[PDB]
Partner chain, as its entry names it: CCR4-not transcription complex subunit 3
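Only one chain is shown below, in structure tokens, and it's the form deposited without its partner chain.
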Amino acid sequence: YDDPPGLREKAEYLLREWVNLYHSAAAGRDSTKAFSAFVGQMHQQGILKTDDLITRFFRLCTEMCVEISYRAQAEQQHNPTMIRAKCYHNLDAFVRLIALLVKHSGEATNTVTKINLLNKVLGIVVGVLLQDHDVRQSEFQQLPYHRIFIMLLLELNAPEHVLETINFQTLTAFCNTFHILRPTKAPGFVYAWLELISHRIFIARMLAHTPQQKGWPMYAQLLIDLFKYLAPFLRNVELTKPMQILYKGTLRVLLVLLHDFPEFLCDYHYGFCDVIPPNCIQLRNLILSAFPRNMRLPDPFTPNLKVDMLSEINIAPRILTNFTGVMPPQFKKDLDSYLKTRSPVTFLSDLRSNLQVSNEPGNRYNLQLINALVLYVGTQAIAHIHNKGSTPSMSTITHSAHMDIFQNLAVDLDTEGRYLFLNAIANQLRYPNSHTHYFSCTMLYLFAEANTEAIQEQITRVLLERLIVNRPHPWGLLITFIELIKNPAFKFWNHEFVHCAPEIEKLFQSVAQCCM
């Protein structure tokens, strides 16, 4: 190798001595004298002399811990949670060593060298992990690295002054490490990775502990990594059973975030919906049903509910995603041009020309571009109406460039395109806000102004499929559906697709059981 001779023996001796100390000494003066003596001895053995020697020290320690894990598993299999307790014996010892070396690195006020040491060690561990993954392949075990990472995270999130002065930077280091170990880059570690990013304490420290919400974008990045990895598997229905574990983990963390951090799921709903395939009704529903806890949703079954007279209706939701960038510059320019001047009309056929990418069934369109187009046209419409001195309604969103785009997409797109379009609209049907209201009115208008029953039945089936899911449900979705069914102006029950079919009746019964 490239290691200096005799270093392995030094590292072995030191690691074993430290394990012994760790499992012999109690908290108090004993732990401090033990760590001080051990550090002194580290200086004596000339391991802290150069950065390289430190690197090789941590690397050798990691490798030895891992090999102890493997050997322990083997010895277990040969001789019929205790083995777990051995692996974790050595691993927890080493972790304690790392945390202590980070905590007491340099001065008490000098946080720089502490964080640098933390990122150094984490990097080394990452290297060992990736190497082990590339070599062992199928025999690779996630457990030791998982243990190291989570126990180090827990140790460094202790209620101590020095540790609290560097907490956010610690969390930053761990976020970077988790991002580098993303399942698209380290597939053999995806389960442990999911366990690490969906750990309750990590989530707590990321989404609550830090002010200014600087932790929200990072965790959002982690979740987006997860969804990006899961998308092609979740999209194929034949992989439902083998993906049960990861799906249930994702469902779990989404449930956690829903019940305890709904604001976060609100602020980043668009990116998540953008990455998660449209067939995953449940997860997406968890993401869309989220609403700020300082808001009280009125009962959708309230006798004659005045939606337009709600206070939060005129307020716009916060979107922390740059959906505009998905649009090409020239297309965006032509879009703004037509929105400003309502000319020329050819721009609409050109719209279908711009949204479609392939002729292959299922992969004909650019989903992100459709979502972005819908949301952008919607927001521009809301702003336009607001600038005219009025609020969006059934008679204020009509006969304009925006609605021209909407109706044209509603007729000129094929069934697939229409589905993606209607879904792109439905993704904004959430808690009382300007987007929810505008897109509700847009959906209902598209239903009413329709010249054929195709798009009507399609809308109905979209709402239906989005409603058949465990409680809760997005407010605007249920509101839109209820308004469509109850308001005699839309004459819903006089149509043919609902008159004959007992299938859509079954769907209606399911919706009645889930939402009513």
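Residue numbers count along the first chain shown, from 1.
- According to the entry, the stretch of the deposited sequence that connects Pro80 to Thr81 contains 4 to 9 residues lacking coordinates, which leaves a gap of moderate length in the model.
- For the pair 447-455 and 463-471, the mean B factor over Cα atoms is greater in 447-455.
- Comparing 27-35 with 54-62, the stretch with the higher mean C-alpha B-factor in the PDB entry is 27-35.
- Set against one another, the Cα B-factors of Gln137, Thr346, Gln356, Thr184 in the record reach their highest point at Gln137.
- When the Cα B-factors of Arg147, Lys306, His435, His199 are read from the PDB record, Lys306 comes out highest.
- The PDB entry assigns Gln368 a C-alpha temperature factor belonging to the middle third of its chain's modelled residues.
- The deposited CA B-factor of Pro488 belongs to the highest third of values across its chain.
- Compared with the other modelled residues of the chain, the Cα B-factor recorded for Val19 ranks in the middle third.
- Among the modelled residues of the chain, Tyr419 sits in the lowest third by CA temperature factor in this PDB entry.
- Annotation for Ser400: CA B-factor lies in the lowest third of the chain's modelled residues.
What comes next is about the form deposited with its partner chain bound, which is not displayed.
- The partner is absent here, but in the entry with it bound a heavy atom of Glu155, alone among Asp274, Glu155, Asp404, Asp267, sits within 4.5 Å of its partner chain.
- Among the residues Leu369, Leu163, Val377, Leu143, the one placing a heavy atom within 4.5 Å of its partner chain in the entry with it bound is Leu143.
- At the 4.5 Å threshold, heavy atoms of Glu195 reach its partner chain in the entry with it bound.
- Taking the partner from the other structure, its partner chain in the entry with it bound has no heavy atom within 4.5 Å of any heavy atom of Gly123.
- Under a 4.5 angstroms non-hydrogen atom cutoff, its partner chain in the entry with it bound has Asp92 among its neighbouring residues.
- Contact check for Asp134: a heavy atom falls within 4.5 Å of its partner chain in the entry with it bound.
- Note that among 378-386, 327-335, 314-322, 180-188, the stretch whose heavy atoms approach its partner chain to within 4.5 Å in the entry with it bound is 180-188.
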